[PDB]
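Visitor: Chains as they are written, first to last, in the deposited numbering: chain VV, 20 to 110, 122 to 134; chain 22, 34 to 74; chain W, 48 to 450; chain S, 9 to 89; chain G, 199 to 247. I'd like to ask some things about the structure below.
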RNA sequence: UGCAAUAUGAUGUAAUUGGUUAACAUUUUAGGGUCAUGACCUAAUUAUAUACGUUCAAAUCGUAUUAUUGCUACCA
RNA sequence: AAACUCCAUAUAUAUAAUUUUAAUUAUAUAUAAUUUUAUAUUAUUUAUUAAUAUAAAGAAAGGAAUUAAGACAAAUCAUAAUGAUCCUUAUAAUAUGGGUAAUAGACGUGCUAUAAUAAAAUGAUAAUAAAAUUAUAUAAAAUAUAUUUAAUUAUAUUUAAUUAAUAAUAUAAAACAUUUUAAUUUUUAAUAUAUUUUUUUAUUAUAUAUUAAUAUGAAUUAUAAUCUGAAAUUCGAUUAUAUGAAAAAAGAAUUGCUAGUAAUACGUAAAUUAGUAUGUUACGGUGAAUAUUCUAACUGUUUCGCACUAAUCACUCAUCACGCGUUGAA
Ligand SMILES: Nc1nc2c(ncn2[C@@H]2O[C@H](COP(=O)(O)OP(=O)(O)OP(=O)(O)O)[C@@H](O)[C@H]2O)c(=O)[nH]1
Ligand SMILES: [Mg+2]
Ligand SMILES: [Mg+2]
Ligand SMILES: [Mg+2]
Ligand SMILES: [Mg+2]
Ligand SMILES: [Mg+2]
Ligand SMILES: [Mg+2]
Ligand SMILES: [Mg+2]
Ligand SMILES: [Mg+2]
Ligand SMILES: [Mg+2]
Ligand SMILES: [Mg+2]
Ligand SMILES: [Mg+2]
Ligand SMILES: [Mg+2]
Ligand SMILES: [Mg+2]
Ligand SMILES: [Mg+2]
Ligand SMILES: [Mg+2]
Ligand SMILES: [Mg+2]
Ligand SMILES: [Mg+2]
Ligand SMILES: [Mg+2]
Ligand SMILES: [Mg+2]
Ligand SMILES: [Mg+2]
């Protein structure tokens, strides 16, 4: 019932002729949420990449900072449309109007 | 006769393998070998 | 697989009757020849055209579908005296010669146009006929935008129309005209294509006969037609008669199906083959020759709006009507040139009598009206069934309606 | 879909205790919309006989509280053959 | 017999078939003939009621 | 140290001078049903077993797999 | 049972000062038909007779309401009312929600398809109706946006006129001209043709390559958004872009219709609503063909049998299982 691809007769790699494995890697630049950049070795042919969510904008790794904005992927799903759809209500008036319910 | 999944995994294991991807052995002259020995020391 | 053997009728009824030679079996009959100078001699007679008129009226497209032109060897006309004579007489004697033919569906608006074309070929005139204007306004042809001639051009229809003009009009009459300007076009002729990229014309040494013959590229064919019409406008030797049939389509379809590069629909006047055709009726294109003459004809296969009634003065002007049903620019273009109408009167009992006589002679009637009917009763009944003199209804009663 | 110009459907429900303390909001108002202010609050939505607990995620905003409290549970045909 | 022709218009097909029958190239004469032969065969069963 | 025949099923089954389907039957599909028993339809399974030759035809001759016949050895 | 009756038919008479015009109309009364004669032929209770023939005169031809007695202990105690019972801090009252709406195989009755004797787009001196609704209403024109000249369809903004033979719902729609329309190389281009020009005849391309999988179908989904309502989540109808499934006319069997009927990709109005019909109830448009020889199936009577009579769902024959009695034999 199992599916497997057949084993071909392995080529014999003689004693002393066995070379190491050096896969092709690029010196890729990786930008964090802040302006910091780290050079690293990657096998993907992309020399440059930036991150939107990472260590530099996580509360657990950033306890001391007072203000810390969070963000997610853009142009995907229906995110932020729950705000774009309602323009009449906008940002402290709602906070004041949410004072109490007076129910018991 | 193979499946498209079989082809995909064969490509993945091609990326694994060293066949048809490694360059020639590095053979250095005697003088450059001595240079390299000094570098490493 | 290919079940359509050659020579088998596969199109609709109308197309089959129109294209298939249903007249190969028709009966030959000696009839008078259509000539205006002998109109007093053939005032009320079912007369046939001459070979000149038949070779013409064909390239021009004077004979159409759904006319029962196949019941006879070749198309024939009754001449009449209140439509053909009453029209051609004023055409000859009217200071400004531009008319539009109106009437009810089936009256003979086309046949009268064909009679006018026959008179033109008889009277040695250069004829331009556009016939069905839906072809260049429907969107089934190619177009482009000409930077110099700031208009849209339609190379396929332009080629067809220039070929119509050249193949119909007389080589002698066309060669009699000498060019006034020098025109330089591109070359699209396979012969001498590589040697010369542009063909050249010269003043008073070439003629319109080969001006039409030159073959240019699609993008330059618009300028080609501009040259044709401008030279024919400045010539003053032989008259030029310009004719458009089914003018209702153009005066009701202001915006073509041709769509601009931004979803807009291109305006008919913004599109060439409408500007050329409208400037001549309006009077921007002046023909030097005295008796050029212009004729238009509406069709009953087209919707009606207030444009034509307001242009002809049949009703007042209502400015609140929507553009889909009233077009002040078209009205203004029609009124700037003093176009006058011409309603084709319906047939009389005597006209029906002569038509039925000819139909009997040609054997297109039935035992029903040949055996048990007396001529007076038959003519009265058909005159009554034809809506008191509608030729199409008369033919349908006689031939099509079998029970 | 409720017309946007009317504004979101909002019902009086207690949120001040929900933020100041950890008290969950138990309610039968299944037709109320999940505004951006409820994220992180624990709700107990009535399903017909019992209150189902749910935590509000940033994606639930714009939906109705009653979409995550099924009222009827799945059908199972007992063939016995 | 007219529906076995090519024209997309029933009027054209029917006119073609009627023309064929007028010139005597119908494909149902054999049906008439078979029915008539069967009647000739069953003449005996006739019983004036 | 050589050779023989088997299977389209949920219950086996066509046959002989060359192109194409190989019953039943089984089953909720079910016949005709006065709501009704209890005789097709409708509802399941062949793909000439992976090879070799030919005219626009190979079930037909070899080998080989699902494996139970009958001789010789039977003074090892 | 027929007649009497209501909707329809014809005629008259009376009302409308023909600007509630539909006088081609409205509805009050009466008349008429459940049609009359004349010769023909078969016949035949003899002429007093029917079935036909059809010269004649008449406008004259339909429809629905009414379905007895007995029955099937047919349906209804959920339209309401009721006898017996059975709940009385419930089996009686209120609100918040969730049920009635779930989905394996079945089964009815309908809607929409599967293309060319047929489906879309246009038809402004607006081709042609009937019957209804509007004080718990109705929505004309007009202006804005979806979408660019318009128009057409959806929403908003204003609400005109009319409680209505007067405004409005509402320019019926199919027919009928025109254009198109894949399977289809049955097509479209390029040049040439010529008396088919909205067209045909040539030579090339339109050929993964002729017997079903679109430019048919609109189910199922994604996302804006809009109506009504306090509120569509479970569960309401809408336009917009996208999505584009099954279906290539259907097996035993089977349904309705005999004329203004069936059929109709013909539409129209009302009831039930704050809102939502593929249902119900009504109105008109266009309009068929088929029939005088079958076994069967129901009935109204009839004739033959009857041991049934709360009557064939009748009644009624045993030995074997249960208890008690009496007599044989031995
Ligand atoms: N002999 C003869 N036939 C005529 C005449 N006029 C009309 N007919 C016939 O009647 C038909 C009427 O069609 P047309 O002549 O196109 O009439 P029309 O009024 O132009 O028609 P639409 O354009 O469709 O409104 C013609 O095709 C002829 O068959 C005439 O003068 N003589
Ligand atoms: Mg015409
Ligand atoms: Mg021994
Ligand atoms: Mg009665
Ligand atoms: Mg009764
Ligand atoms: Mg019951
Ligand atoms: Mg009660
Ligand atoms: Mg229900
Ligand atoms: Mg029913
Ligand atoms: Mg169709
Ligand atoms: Mg449709
Ligand atoms: Mg109309
Ligand atoms: Mg009315
Ligand atoms: Mg309006
Ligand atoms: Mg239509
Ligand atoms: Mg479609
Ligand atoms: Mg739908
Ligand atoms: Mg659906
Ligand atoms: Mg309603
Ligand atoms: Mg009786
Ligand atoms: Mg009885």
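For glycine and all other residues, C-beta sits at the position ideal for the given N, C-alpha and C.
(1) May I ask you to report which of helix, strand or coil DSSP gives residue 141 (chain W)?
(2) What does residue 45 (chain 22) touch in chain VV if you count any residue whose Cβ is under 8 angstroms from its own?
(3) Helix, strand or coil, according to DSSP, for residue 49 (chain 22) in the structure here?
(4) If you reduce the DSSP assignment to three classes, tell me which class residue 225 (chain W) lands in.
(5) Could you say which of 174 (chain W), 435 (chain W), 414 (chain W), 52 (chain W) lies nearest to residue 100 (chain W) if we only look at CA atoms?
(6) Against chain VV, does residue 47 (chain S) count as a neighbour if the rule is that its beta carbon must be under 7 angstroms from one of theirs?
(7) With burial defined as no fewer than 16 other Cβ atoms inside 10 Å of the residue's Cβ, what is the status of residue 82 (chain VV): buried or exposed?
(8) Specify whether the stretch 191–201 of chain W and the stretch 312–320 of chain W touch according to this definition: at least 3 beta carbon pairs, one from each stretch, less than 8 angstroms apart.
(9) Do the CB positions of residue 245 (chain W) and residue 227 (chain W) come within less than 7 angstroms of each other?
(10) Suppose you measure from the CA of residue 132 (chain VV) to the CA of residue 24 (chain S); what does that come to, to the nearest Å?
(11) So residue 54 (chain S) is in the beta strand (DSSP E); what residue range does that whole segment cover?
(12) To test your reading of the DSSP string, which unbroken alpha helix (DSSP H) runs of 4 or more residues are found completely within the stretch 334–420 of chain W?
(13) Does the distance from the CB of residue 293 (chain W) to the CB of residue 346 (chain W) come in under 7 angstroms?
(14) Can you name the residues of chain VV whose CB is closer than 7 angstroms to the CB of residue 16 (chain S)?
(15) With residue 168 (chain W) as the anchor, note down where its alpha helix (DSSP H) starts and where it stops.
(16) For residue 101 (chain VV), which residues in chain S fall below 7 angstroms Cβ to Cβ?
(17) Taking Cβ to Cβ, would you say residue 186 (chain W) is nearer than 7 angstroms to residue 301 (chain W)?
(18) Got a sec: which bits of the stretch 54–80 of chain W sit with their beta carbon under 8 angstroms from any beta carbon on chain G, in order along the chain?
(19) With three or more beta-carbon pairs closer than 8 angstroms as the criterion, would you say the stretch 155–172 of chain W touches the stretch 341–358 of chain W?
(20) Judging by CA-CA distance, which residue of 250 (chain W), 262 (chain W), 229 (chain W), 255 (chain W) is the nearest neighbour of residue 243 (chain W)?
(21) For a cutoff of 7 angstroms on Cβ pairs, would you count residue 51 (chain W) as touching chain G?
(22) Of all the options 35 (chain S), 18 (chain S), 79 (chain S), 56 (chain S), which has the alpha carbon lying nearest to the alpha carbon of residue 124 (chain VV)?
(23) Can you check which of these residues, 255 (chain W), 128 (chain W), 88 (chain W), is closest to residue 398 (chain W) by C-alpha distance?
(24) What are the boundary residues of the alpha helix (DSSP H) that residue 59 (chain S) is part of?
(25) For residue 53 (chain S), which residues in chain VV fall below 8 angstroms Cβ to Cβ?
(26) Between residue 76 (chain VV) and residue 53 (chain VV), what straight-line distance do the alpha-carbon atoms span, to the nearest angstrom?
(27) Would you please verify whether the beta carbon of residue 24 (chain VV) is less than 7 angstroms from any beta carbon of chain 22?
(28) Helix, strand or coil, according to DSSP, for residue 50 (chain VV) in the structure here?
(29) Go ahead and label residue 26 (chain VV) buried or exposed: buried means 16 or more other beta carbons lie within 10 angstroms of its beta carbon, across all protein chains shown.
(30) To the nearest angstrom, how far is the alpha carbon of residue 169 (chain W) from that of residue 220 (chain G)?
(31) If you count every other CB in all the chains shown that lies within 10 Å of the CB of residue 122 (chain W), and 16 or more means buried, which is it?
(32) Using a Cβ-Cβ distance cut-off of 7 angstroms, determine whether residue 12 (chain S) contacts chain VV.
(33) If we cut at 7 angstroms on Cβ distances, does residue 62 (chain 22) have a partner in chain VV?
(34) Apply the 10 Å Cβ neighbour rule to residue 255 (chain W) and answer buried if 16 or more other Cβ atoms are within range, or exposed otherwise.
Guide: The relevant details are as follows:
(1) Coil.
(2) Correct list: empty, because the minimum Cβ distance to chain VV is about 11 angstroms.
(3) When secondary structure is reduced to three states using DSSP, residue 49 (chain 22) falls in the helix class.
(4) In this structure, residue 225 (chain W) counts as strand in the three-state DSSP scheme.
(5) Here the closest residue by C-alpha is 174 (chain W).
(6) No, residue 47 (chain S) does not count as interfacial toward chain VV.
(7) For residue 82 (chain VV), the number of other beta carbons within 10 angstroms of its own is below 16, and it is reported as exposed.
(8) Counting C-beta pairs closer than 8 angstroms gives three or more between the stretch 191–201 of chain W and the stretch 312–320 of chain W, which meets the contact rule.
(9) Not a contact, by the Cβ cut-off of 7 angstroms.
(10) Taking the straight line joining both Cα atoms gives about 11 angstroms.
(11) In this chain, the beta strand (DSSP E) harbouring residue 54 (chain S) covers 50–54.
(12) Runs of the alpha helix (DSSP H) inside the stretch 334–420 of chain W: 354–359, 375–383, 396–409, 414–417.
(13) Going by beta carbons, residue 293 (chain W) and residue 346 (chain W) fall inside the 7 angstroms limit.
(14) Going along chain VV in sequence order, the residues near residue 16 (chain S) (Cβ under 7 angstroms) are 105.
(15) Per DSSP, the unbroken alpha helix (DSSP H) holding residue 168 (chain W) starts and ends at 156–169.
(16) Think of a sphere of 7 angstroms around the beta carbon of residue 101 (chain VV): the chain S residues whose beta carbon falls inside it are 44, 69, 70, in chain order.
(17) No, Cβ-Cβ distance for residue 186 (chain W) and residue 301 (chain W) is not below 7 angstroms.
(18) Listed by position, the residues of the stretch 54–80 of chain W near chain G (Cβ gap below 8 angstroms) are 55, 56, 57, 58, 59, 60, 63.
(19) Between the stretch 155–172 of chain W and the stretch 341–358 of chain W, the count of Cβ pairs shorter than 8 angstroms is three or higher; the stretches touch.
(20) Ranking 250 (chain W), 262 (chain W), 229 (chain W), 255 (chain W) by Cα distance to residue 243 (chain W) puts 262 (chain W) first.
(21) It does; some Cβ of chain G falls within 7 angstroms.
(22) Scanning 35 (chain S), 18 (chain S), 79 (chain S), 56 (chain S) for the CA closest to the CA of residue 124 (chain VV) turns up 18 (chain S).
(23) Closest option to residue 398 (chain W), Cα to Cα, is 128 (chain W).
(24) First-last for residue 59 (chain S): 59–63, but that is the beta strand (DSSP E), not the alpha helix (DSSP H).
(25) What residue 53 (chain S) touches in chain VV, judged by beta-carbon distance under 8 angstroms, is nothing: the nearest beta carbon there is about 18 angstroms away.
(26) Computed Cα separation, rounded: 8 angstroms.
(27) Interface residue, yes.
(28) Reduced to three states, the DSSP call for residue 50 (chain VV) is strand.
(29) Per the 10 Å Cβ criterion, exposed.
(30) Distance between the alpha carbons of residue 169 (chain W) and residue 220 (chain G): 45 angstroms.
(31) Buried.
(32) Yes, residue 12 (chain S) lies at the interface with chain VV (some Cβ there is under 7 angstroms from its Cβ).
(33) So, not an interface residue.
(34) With at least 16 other beta carbons inside 10 angstroms of its own, residue 255 (chain W) counts as buried.
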